[PDB]
Structures are given as structure tokens and as C-alpha cells.
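The file upload-v9.cif contains mmCIF, C-alpha atoms:
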data_run
loop_
_atom_site.label_atom_id
_atom_site.label_comp_id
_atom_site.auth_asym_id
_atom_site.auth_seq_id
_atom_site.Cartn_x
_atom_site.Cartn_y
_atom_site.Cartn_z
CA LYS A 8 85.33 23.36 122.74
CA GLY A 9 86.05 24.37 119.10
CA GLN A 10 87.01 20.75 118.57
CA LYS A 11 84.55 20.21 115.71
CA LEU A 12 85.60 23.47 114.05
CA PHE A 13 89.31 22.91 114.36
CA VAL A 14 89.07 19.27 113.14
CA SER A 15 86.92 20.28 110.17
CA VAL A 16 89.60 22.87 109.33
CA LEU A 17 92.55 20.52 109.76
CA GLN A 18 91.11 17.81 107.57
CA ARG A 19 90.32 20.31 104.80
CA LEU A 20 93.86 21.79 104.95
CA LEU A 21 95.49 18.42 104.89
CA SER A 22 93.30 16.77 102.23
CA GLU A 23 94.10 19.74 99.99
CA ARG A 24 97.66 18.34 100.00
CA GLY A 25 96.63 14.63 99.66
CA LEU A 26 97.10 13.65 103.26
CA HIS A 27 94.25 12.04 105.11
CA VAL A 28 93.97 11.38 108.81
CA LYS A 29 91.28 9.37 110.72
CA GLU A 30 88.58 11.49 112.40
CA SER A 31 89.64 10.01 115.79
CA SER A 32 93.36 10.76 115.01
CA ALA A 33 92.47 14.41 114.30
CA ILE A 34 90.39 14.59 117.49
CA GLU A 35 93.30 13.22 119.51
CA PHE A 36 95.66 15.66 117.80
CA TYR A 37 93.37 18.45 118.91
CA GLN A 38 93.02 17.13 122.51
CA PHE A 39 96.78 16.97 122.62
CA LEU A 40 97.03 20.50 121.07
CA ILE A 41 94.90 22.24 123.70
CA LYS A 42 96.61 20.36 126.55
CA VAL A 43 100.13 21.55 125.59
CA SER A 44 98.76 24.98 124.48
CA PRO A 45 95.51 25.81 126.32
CA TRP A 46 95.54 29.46 125.09
CA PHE A 47 95.28 28.30 121.47
CA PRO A 48 91.47 27.94 121.04
CA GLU A 49 90.86 31.20 122.92
CA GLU A 50 93.67 33.51 121.70
CA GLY A 51 95.45 31.78 118.80
CA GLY A 52 94.88 31.69 115.05
CA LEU A 53 96.13 29.78 112.01
CA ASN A 54 99.19 31.97 111.54
CA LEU A 55 102.89 31.18 111.54
CA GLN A 56 103.70 33.08 114.79
CA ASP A 57 101.15 31.18 116.86
CA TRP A 58 101.88 27.88 115.16
CA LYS A 59 105.68 28.13 115.85
CA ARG A 60 104.78 28.93 119.50
CA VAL A 61 102.61 25.82 119.66
CA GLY A 62 105.67 23.93 118.29
CA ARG A 63 108.17 25.31 120.88
CA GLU A 64 105.65 24.42 123.59
CA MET A 65 105.42 20.83 122.16
CA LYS A 66 109.15 20.24 121.82
CA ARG A 67 109.41 21.46 125.43
CA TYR A 68 106.69 18.97 126.36
CA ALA A 69 108.75 16.20 124.61
CA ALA A 70 111.89 17.01 126.74
CA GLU A 71 109.86 17.18 130.01
CA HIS A 72 107.69 14.04 129.43
CA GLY A 73 109.33 11.68 126.95
CA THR A 74 107.83 10.26 123.74
CA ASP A 75 105.29 8.31 125.83
CA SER A 76 101.69 9.70 125.65
CA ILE A 77 102.67 12.06 122.77
CA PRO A 78 100.53 10.81 119.85
CA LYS A 79 102.59 9.47 116.87
CA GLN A 80 100.56 11.76 114.55
CA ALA A 81 101.04 15.05 116.51
CA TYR A 82 104.47 16.09 115.26
CA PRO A 83 103.76 15.06 111.73
CA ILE A 84 100.54 17.04 111.70
CA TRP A 85 102.17 20.05 113.40
CA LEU A 86 104.86 19.97 110.82
CA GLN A 87 102.51 19.71 107.87
CA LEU A 88 100.54 22.70 109.15
CA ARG A 89 103.75 24.67 109.61
CA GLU A 90 104.65 24.08 105.96
CA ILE A 91 101.12 25.05 104.86
CA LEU A 92 101.49 28.27 106.78
CA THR A 93 104.89 29.07 105.18
CA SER B 7 86.12 37.52 121.42
CA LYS B 8 86.91 33.88 122.24
CA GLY B 9 87.35 31.52 119.28
CA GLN B 10 87.37 34.71 117.14
CA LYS B 11 91.00 35.07 116.05
CA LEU B 12 90.94 31.38 115.03
CA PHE B 13 87.75 31.57 112.99
CA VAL B 14 88.84 34.85 111.47
CA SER B 15 92.18 33.32 110.43
CA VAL B 16 90.40 30.43 108.68
CA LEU B 17 88.00 32.69 106.91
CA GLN B 18 90.74 35.01 105.53
CA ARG B 19 92.82 32.04 104.35
CA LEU B 20 89.86 30.33 102.63
CA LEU B 21 88.76 33.50 100.81
CA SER B 22 92.40 34.47 100.01
CA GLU B 23 92.86 31.33 98.03
CA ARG B 24 89.86 32.26 95.83
CA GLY B 25 91.24 35.79 95.25
CA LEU B 26 88.89 37.39 97.75
CA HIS B 27 90.21 39.65 100.52
CA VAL B 28 88.34 40.93 103.50
CA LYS B 29 89.57 43.46 106.10
CA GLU B 30 90.29 41.99 109.51
CA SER B 31 87.70 44.30 111.16
CA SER B 32 85.06 43.32 108.60
CA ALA B 33 85.84 39.66 109.34
CA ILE B 34 85.66 40.34 113.09
CA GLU B 35 82.22 42.00 112.68
CA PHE B 36 81.16 38.99 110.60
CA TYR B 37 82.15 36.63 113.38
CA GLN B 38 80.47 38.62 116.16
CA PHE B 39 77.35 38.72 114.07
CA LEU B 40 77.62 34.93 113.50
CA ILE B 41 77.82 33.94 117.19
CA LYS B 42 74.97 36.34 118.06
CA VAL B 43 72.74 34.60 115.55
CA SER B 44 74.10 31.07 116.20
CA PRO B 45 75.69 30.82 119.68
CA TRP B 46 75.82 27.02 119.28
CA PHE B 47 78.31 27.38 116.38
CA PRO B 48 81.55 27.83 118.41
CA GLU B 49 80.81 24.82 120.66
CA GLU B 50 78.87 22.45 118.37
CA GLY B 51 79.56 23.59 114.83
CA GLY B 52 81.96 22.60 112.08
CA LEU B 53 83.01 24.27 108.86
CA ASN B 54 80.83 21.77 106.96
CA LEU B 55 77.86 22.18 104.57
CA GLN B 56 75.06 21.14 107.00
CA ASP B 57 76.27 23.34 109.90
CA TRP B 58 76.76 26.22 107.49
CA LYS B 59 73.34 25.86 105.92
CA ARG B 60 71.93 26.02 109.42
CA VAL B 61 73.88 29.30 109.95
CA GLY B 62 72.33 31.01 106.88
CA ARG B 63 68.82 29.88 107.93
CA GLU B 64 69.47 31.41 111.31
CA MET B 65 70.84 34.69 109.76
CA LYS B 66 67.62 34.88 107.76
CA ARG B 67 65.61 34.21 110.92
CA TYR B 68 67.50 37.21 112.42
CA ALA B 69 66.78 39.35 109.32
CA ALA B 70 63.07 38.45 109.61
CA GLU B 71 62.82 39.25 113.36
CA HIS B 72 64.94 42.49 113.50
CA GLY B 73 64.74 43.64 109.86
CA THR B 74 67.48 44.11 107.22
CA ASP B 75 69.04 47.15 108.98
CA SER B 76 71.81 46.51 111.52
CA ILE B 77 72.82 43.36 109.61
CA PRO B 78 76.45 43.90 108.42
CA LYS B 79 76.66 44.46 104.66
CA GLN B 80 79.49 41.88 104.32
CA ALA B 81 77.57 39.16 106.21
CA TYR B 82 75.53 37.57 103.42
CA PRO B 83 78.35 37.96 100.83
CA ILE B 84 80.91 36.23 103.14
CA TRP B 85 78.40 33.60 104.11
CA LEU B 86 77.71 32.87 100.45
CA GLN B 87 81.37 32.71 99.41
CA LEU B 88 82.08 30.20 102.21
CA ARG B 89 78.96 28.18 101.26
CA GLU B 90 80.48 27.71 97.79
CA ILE B 91 83.91 26.72 99.17
CA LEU B 92 82.15 24.03 101.20
CA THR B 93 81.07 22.25 97.95
#
If you took the structure in this file and wrote it as C-alpha cells, what would it be?
Amino acid sequence: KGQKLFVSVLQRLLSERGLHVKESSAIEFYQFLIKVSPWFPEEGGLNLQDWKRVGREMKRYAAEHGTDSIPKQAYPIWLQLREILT
Amino acid sequence: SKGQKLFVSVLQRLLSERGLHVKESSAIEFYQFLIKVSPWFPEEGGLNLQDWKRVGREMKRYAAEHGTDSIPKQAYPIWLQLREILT
């Protein structure tokens, strides 16, 4: 779980910068997030170290699985959150 | 302490931006208090005004049942600052 919490946080952080995502797009981002990085809800936080780790683990997932089944919004959201955390 | 480091990181960031700073260990105590009073929150709850208003009601139900003592001093102040942010 933590889906509701994380989504509520994401949408706040993004709308603060004028970007808006569908509720269902944010949910699918999060479902994707915890698949690639299952430790994240349990052990991770919104901090640059963890978020860069999430990103390495995604760009590994892209090499080992191809663009197929990677949501089109995942990388752009990951990237926006990286900038917010910089 | 599961879901902790995440919630704690959101809390510190949100307060930071309003010029408020809270020690990590005070924020950790706040969180452990929160899930004790509202164990639904990590699974079912969002950082939104309705869920958060439910949390304060439930903190006050805890204060009624077990008295003011043994409630962290930072708990109502943090709760209140985040209530405002959610408006």
C-alpha cells in the first residue's frame, strides 16, 4: 500500500510546478514504481539518493525489457521529481 | 518503521518550504504516534484535508481516552501546520 499517500504527494509536488497528471496516470506510475523498486515504500524517502537509485533501477529495467510495458509517463515523472529534489 | 522514512521525508519538505524545521527524531516520534492513533492511515490514507481531519479527530480521541500526558509535545503543532498546508 501507500498508494494513496504517494499519489497525493506526487500530484501536490507536480501541480506546484504547473504540471498535472491524471489520477489513473499517477496510480500507474506508482504501480510501476514499486514493481521496479519494491523496497521504496518500505525503506525509501523523497530524497535525491533514493530517487537516483530508483532511476538506475528503471534505466536497467528499460535495457532488460524494452520500451514495451514501461508507461509513457514514468520517465517524465521520474525526471520531474529528480529536478524537484535538486 | 515501514512507510516511515517516506512520510517523514514529505513532512520535512512541506514544513521546510514554510520556514519550519523539525528534527528527524521529532518527526519519527510524530509518525509513530500517528500510526498508533490511526493505523488505517498508511494503507488507506492520503495527504488530503478529509483524511487529515480524521487524523486530528482520532488524536483527540486518544487524548480523551489516555489523557494529555504521553502525547508528544510536537504532535498537535505539526498536525496543525500540515492542516494549514492542505488548504
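For the set A:88, A:47, A:70, A:60, the residue with the smallest atom-to-atom gap to residue 23 (chain A) is A:88, counting all atoms listed in the file.
The smallest atom-to-atom distance between chain B and any of A:61, A:31, A:52, A:83, using all atoms listed in the file, is found for A:52.
Among the candidates B:50, B:30, B:64, B:23, the one nearest to chain A when counting all atoms listed in the file is B:50.
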Target residues per the PyMOL selection byres ((chain A) within 6 of (chain B)), formatted as a PyMOL selection string = chain A and resi 8-9+11-12+15+48-49+51-53
Tell me, as a ChimeraX atom specification, which residues lie within 12 Å of residue 66 (chain A), counting only C-alpha atoms; anything in the same chain fewer than 6 positions away does not count.
-> /A:43-44,59-60,72-74,77,81-82,85-86
Name the residues that the PyMOL selection byres ((chain B and resi 73-82) around 9) pulls out of this structure, and write them as a PDB file with C-alpha atoms, keeping the file's coordinate frame.
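Output below, filename result_16.pdb:
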ATOM      1  CA  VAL B  28      88.340  40.930 103.500  1.00  0.00           C
ATOM      2  CA  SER B  32      85.060  43.320 108.600  1.00  0.00           C
ATOM      3  CA  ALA B  33      85.840  39.660 109.340  1.00  0.00           C
ATOM      4  CA  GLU B  35      82.220  42.000 112.680  1.00  0.00           C
ATOM      5  CA  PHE B  36      81.160  38.990 110.600  1.00  0.00           C
ATOM      6  CA  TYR B  37      82.150  36.630 113.380  1.00  0.00           C
ATOM      7  CA  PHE B  39      77.350  38.720 114.070  1.00  0.00           C
ATOM      8  CA  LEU B  40      77.620  34.930 113.500  1.00  0.00           C
ATOM      9  CA  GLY B  62      72.330  31.010 106.880  1.00  0.00           C
ATOM     10  CA  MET B  65      70.840  34.690 109.760  1.00  0.00           C
ATOM     11  CA  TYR B  68      67.500  37.210 112.420  1.00  0.00           C
ATOM     12  CA  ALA B  69      66.780  39.350 109.320  1.00  0.00           C
ATOM     13  CA  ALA B  70      63.070  38.450 109.610  1.00  0.00           C
ATOM     14  CA  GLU B  71      62.820  39.250 113.360  1.00  0.00           C
ATOM     15  CA  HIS B  72      64.940  42.490 113.500  1.00  0.00           C
ATOM     16  CA  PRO B  83      78.350  37.960 100.830  1.00  0.00           C
ATOM     17  CA  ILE B  84      80.910  36.230 103.140  1.00  0.00           C
ATOM     18  CA  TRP B  85      78.400  33.600 104.110  1.00  0.00           C
ATOM     19  CA  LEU B  86      77.710  32.870 100.450  1.00  0.00           C
ATOM     20  CA  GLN B  87      81.370  32.710  99.410  1.00  0.00           C
TER      21      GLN B  87
END
Excluding same-chain residues fewer than 2 positions from residue 18 (chain A), what lies within 10 Å of it counting all atoms listed in the file, as a VMD selection string?
-> chain A and resid 13 to 16 20 to 23 26 to 30 33
Could you check how far CA of residue 80 (chain A) sits from CA of residue 22 (chain B), in Å to one decimal?
-> 28.2 Å
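Straight-line separation from CA of residue 19 (chain A) to CA of residue 63 (chain A): 24.5 Å.
From CA of residue 36 (chain A) back to CA of residue 59 (chain B), the distance works out to 27.3 Å.
The smallest atom-to-atom distance between residue 44 (chain B) and any of B:90, B:56, B:29, B:67, using only C-alpha atoms, is found for B:67.
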Written as a PyMOL selection string, which residues does the PyMOL selection byres ((chain A and resi 89) around 9) give for the file shown?
-> chain A and resi 54-55+58-59+62+84-88+90-93
Just the selected residues (C-alpha atoms), exported as a PDB file, keeping the file's coordinate frame, please.
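The new file selection39.pdb reads:
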ATOM      1  CA  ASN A  54      99.190  31.970 111.540  1.00  0.00           C
ATOM      2  CA  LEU A  55     102.890  31.180 111.540  1.00  0.00           C
ATOM      3  CA  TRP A  58     101.880  27.880 115.160  1.00  0.00           C
ATOM      4  CA  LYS A  59     105.680  28.130 115.850  1.00  0.00           C
ATOM      5  CA  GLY A  62     105.670  23.930 118.290  1.00  0.00           C
ATOM      6  CA  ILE A  84     100.540  17.040 111.700  1.00  0.00           C
ATOM      7  CA  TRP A  85     102.170  20.050 113.400  1.00  0.00           C
ATOM      8  CA  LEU A  86     104.860  19.970 110.820  1.00  0.00           C
ATOM      9  CA  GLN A  87     102.510  19.710 107.870  1.00  0.00           C
ATOM     10  CA  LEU A  88     100.540  22.700 109.150  1.00  0.00           C
ATOM     11  CA  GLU A  90     104.650  24.080 105.960  1.00  0.00           C
ATOM     12  CA  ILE A  91     101.120  25.050 104.860  1.00  0.00           C
ATOM     13  CA  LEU A  92     101.490  28.270 106.780  1.00  0.00           C
ATOM     14  CA  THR A  93     104.890  29.070 105.180  1.00  0.00           C
TER      15      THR A  93
END
